[PDB]
2 protein chains.
Amino acid sequence: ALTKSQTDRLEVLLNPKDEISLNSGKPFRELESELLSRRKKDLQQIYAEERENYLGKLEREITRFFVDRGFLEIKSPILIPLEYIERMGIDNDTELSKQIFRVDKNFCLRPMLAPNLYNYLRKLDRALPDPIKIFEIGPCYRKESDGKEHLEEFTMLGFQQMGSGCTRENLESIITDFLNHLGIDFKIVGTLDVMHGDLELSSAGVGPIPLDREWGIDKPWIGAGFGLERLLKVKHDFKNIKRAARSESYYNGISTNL
Amino acid sequence: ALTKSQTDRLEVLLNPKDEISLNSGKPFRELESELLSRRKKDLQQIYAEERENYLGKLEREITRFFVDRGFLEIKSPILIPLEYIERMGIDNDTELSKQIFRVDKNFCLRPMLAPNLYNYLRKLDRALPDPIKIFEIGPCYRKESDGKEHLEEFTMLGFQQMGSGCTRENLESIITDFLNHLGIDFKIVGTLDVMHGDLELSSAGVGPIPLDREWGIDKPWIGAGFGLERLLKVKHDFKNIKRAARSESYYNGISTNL
Ligand SMILES: Nc1ncnc2c1ncn2[C@@H]1O[C@H](COP(=O)(O)OP(=O)(O)NP(=O)(O)O)[C@@H](O)[C@H]1O
Ligand SMILES: Nc1ncnc2c1ncn2[C@@H]1O[C@H](COP(=O)(O)OP(=O)(O)NP(=O)(O)O)[C@@H](O)[C@H]1O
Ligand SMILES: N[C@@H](Cc1cn(C=O)c2ccccc12)C(=O)O
Ligand SMILES: N[C@@H](Cc1cn(C=O)c2ccccc12)C(=O)O
Ligand SMILES: [Mg+2]
Ligand SMILES: [Mg+2]
Ligand SMILES: [Mg+2]
Ligand SMILES: [Mg+2]
């Protein structure tokens, strides 16, 4: 009988496509040696043929989708003014107030993309024709309890359209085309949330809302934010989101501790 | 005569390809109105045709270069253990000790890519055939004095090969092909540095060095690190590197304050 520590070890080495039973009557050393061989071959095959990291490759695929659909690609600061969090209505009653990674006295690691995209919408509205469509993909940071669905360092897609065409029907069409393009099953529930069973893939929004006026926004809008590691978790059927993260412990969901 | 404040304003709006003289006898309001019109058209043309951000597009171009040349694409944590900095030999005598953005008691924003790539080289050497070639592109953070060549939030390309073929001649060939592919003028000076006039584009290295053994490395290696915003600064002839940064003030080097 395998110890719980031994099965922990084997579970690190197990990939979802594997058809191996850790409850069979094979000794630990030989189950471990066979999984080690499979995971080394998996890495050798990535190295010989494609060589692309899942997170980078997904970011490039989402980028092509949104650029093709008319959205401008934004790359804005990750280290943001702390004032942005308060100005988002995030006071001490919200959970998010307590999840902020603070840096120095005035800055933080952004936990969200809405403040930076608000600022781009306001500025670009003086120069671009209606509607204004933008999107960004990049790191976001939140303090979290340990959890199979949560990372403290994760990657967010955020997109927003402002001006004409900002209907709920148009917002659902973008989400629906987007996730059918990626091959990810979903349900939209309605403020709107895109779910994969009990896992939240996205929260989406329809403006105007009162908060817009703090950001100098006074036009209707639609938008949403998606976690890239959650999309990878669903797509590759990982049991824990850490398999999809920026990590020294996993490469494309394969253990690097061999 | 324009005030220094007025010429500051016009300099924000000026792009390097512009052929306008701020020392001519045209009033401020009319120089400003003409530059505003040119910069709005520049953004409208990006929005109508390509829609890609310079920094994202460069990162994708460098990625294709290195993947094609056999390097594995790494995406590793940006928030790293503080112990990594000391273990890199960065004590209080070095300047880099004082440039670290600390987070919580045990973590920091990575100022460099060498620690994470060391760890990947050690782990991947148990699984991949010789030589091992890897690369990463992503955010790095250093506290800096104000400067036309320095950002506190910047983007680093780091690549490293370990095992056979780790000669200085092979390292110079990678650098030379890489920068001729991007269309950036350079000189290699020799520890080796890749310069564009007085601006450092890259520092490169040839192992083994004594430090390798703290990281469990005992094979020869070659590698280098390049700042992406410095490559953009040179390529687009920006007078200040802030035009190339993750920014709310500039989009593809065009002022967003119109
Ligand atoms: N810690 C995290 N790790 C991974 N993805 C995350 C994390 N926090 C948020 N996301 C993703 O970012 C999206 C937009 O953020 P947001 O709606 O604010 O998340 P949220 O409400 O805190 N979701 P949740 O914490 O699961 O209840 C979410 O739908 C997730 O897909
Ligand atoms: N603050 C910064 N802003 C932009 N690029 C940077 C910055 N610091 C380093 N880089 C880039 O990263 C490369 C590798 O880092 P490194 O050799 O450690 O820089 P460095 O020695 O501090 N260069 P410098 O500060 O200009 O004398 C450099 O060659 C630069 O191209
Ligand atoms: N609120 C999260 C995710 C998010 C929801 N949105 C629905 O409107 C967004 C619009 C733009 C950018 C992000 C989001 C965040 O701010 O990142
Ligand atoms: N020392 C800087 C840049 C750098 C120089 N290198 C020369 O060997 C590297 C090799 C791999 C990764 C980065 C670098 C840094 O650590 O990021
Ligand atoms: Mg949450
Ligand atoms: Mg939500
Ligand atoms: Mg320096
Ligand atoms: Mg240097």
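Because only heavy atoms are used, hydrogens play no part in the values below, and waters and symmetry mates are left out as well, while side chains stay in. Note that ligands are numbered from 1 as they come in the structure, with each ligand's atoms numbered from 1 the same way. Labels below follow one simple rule: chain letters A, B, ... track the order of the sequence lines, proteins then strands, and each chain is numbered from 1.
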Side chain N240(B), main chain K242(B), donor-acceptor under 3.5 Å: yes
Side chains of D193(A) and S202(A) in contact at under 4.5 Å (non-hydrogen atoms): no
Close-contact set for ligand 2 against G225(B) heavy atoms, below 4.0 Å: 13 (C), 14 (C)
Carboxylate-amine/guanidinium contact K57(A) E61(A), below 4.0 Å: no
Per-atom contacts of ligand 2 with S203(B), taking only distances under 4.0 Å to non-hydrogen atoms: 17 (O), 29 (O)
Ring centre gap for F65(B) and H181(B) strictly below 6.0 Å: yes
Contact (N/O only, under 3.5 Å) between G227(B) and ligand 2: yes
Distance-only N or O hit between ligand 2 and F154(B), under 3.5 Å: no
Salt-bridge present (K75(A), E59(A); N to O < 4.0 Å): yes
Heavy atom of the protein closest to atom 29 (O) of ligand 2 (residue, atom name, distance): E200(B) OE2, 2.7 Å
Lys NZ or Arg CZ of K133(B) over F159(B) ring: under 6.0 Å, within 45°: no
Heavy atom of the protein closest to atom 1 (N) of ligand 2 (residue, atom name, distance): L151(B) O, 2.8 Å
Ligand-side contact atoms (ligand 2) for residue partner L201(B), heavy atom cut-off under 4.0 Å: 29 (O), 31 (O)
Residue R126(A) excluded, over 12 heavy atoms near CZ under 6.0 Å: no
Geometric class of the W215(A)/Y84(A) ring pair [parallel <30°, tilted 30-60°, perpendicular >60°]: perpendicular
For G205(A), the ligand 3 atoms whose distance to one of its heavy atoms is below 4.0 Å: 7 (C), 8 (O)
Which segment of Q160(A) sits under 4.0 Å of ligand 3 when only heavy atoms are counted: side chain
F178(B) vs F226(B), ring-ring contact (aromatic ring centres under 6.0 Å, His included): CA-CA, chis, key distance, verdict: CA-CA 11 Å; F178(B) 173 51; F226(B) 280 79; 5.4 Å; yes
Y118(A) and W221(A) aromatic ring geometry - parallel, tilted or perpendicular at 30°/60° bounds: perpendicular
Sub-4.0 Å atoms of ligand 2 with respect to non-hydrogen atoms of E144(B): 1 (N)
Non-neighbouring partners of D177(B) that pass side chain to side chain donor-acceptor pair (under 3.5 Å), sequence neighbours left out: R69(B)
Location of contacts on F135(A) toward ligand 3, heavy atoms closer than 4.0 Å: neither
Ligand 2 atoms in contact with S202(B) (distance to a heavy atom under 4.0 Å): 29 (O)
Separation of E152(A) CD from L79(B) CG (nearest 0.5 Å): 8.0 Å
With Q44(B) via side chain to side chain donor-acceptor pair (under 3.5 Å) - residues at least two apart: none
Contacting atoms of ligand 3, where contact means under 4.0 angstrom from a heavy atom of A114(A): 12 (C), 13 (C), 15 (C), 16 (O), 17 (O)
Proximity of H150(B) to ligand 2 by residue part, where a heavy atom lies under 4.0 Å: both
Shortest reach to atom 18 (O) of ligand 2 by a heavy atom, considering only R142(B), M112(B), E152(B): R142(B)
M156(A) contact mode with ligand 3 (heavy-atom cut-off under 4.0 Å): side chain
Part of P115(A) within contact of ligand 3 (heavy atoms, under 4.0 Å): neither
Atom of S164(A), atom of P131(A) and distance for their closest heavy-atom approach: O-CB, 3.6 Å
Salt bridge flag under 4.0 Å for residues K233(B) and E229(B): no
Within-cut-off N or O pair, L113(A) and ligand 3, under 3.5 Å: yes
Protein contact of atom 30 (C) of ligand 2 - nearest heavy atom, named by residue and atom, plus distance: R230(B) NH1, 3.5 Å
Min heavy-atom dist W221(A) to ligand 3 below 4.0 Å: yes
Interfacing atoms of ligand 3 (cut-off 4.0 Å, heavy-atom, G223(A)): 7 (C), 8 (O)
Proximity to ligand 3 by part of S203(A), non-hydrogen separation under 4.0 Å: backbone
Vertex the Mg ion (ligand 8), rays to OE2 in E200(B) and OG in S203(B) - rounded to 10°: 80°
For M156(B), the ligand 2 atoms whose distance to one of its heavy atoms is below 4.0 Å: 12 (O), 13 (C), 14 (C), 15 (O)
Atoms of ligand 3 close to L117(A) [distance to a heavy atom under 4.0 angstrom, numbered from 1]: 11 (C), 12 (C)
Option whose closest heavy atom lies nearest to atom 10 (C) of ligand 3, chosen from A224(A), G158(A), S202(A), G207(A): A224(A)
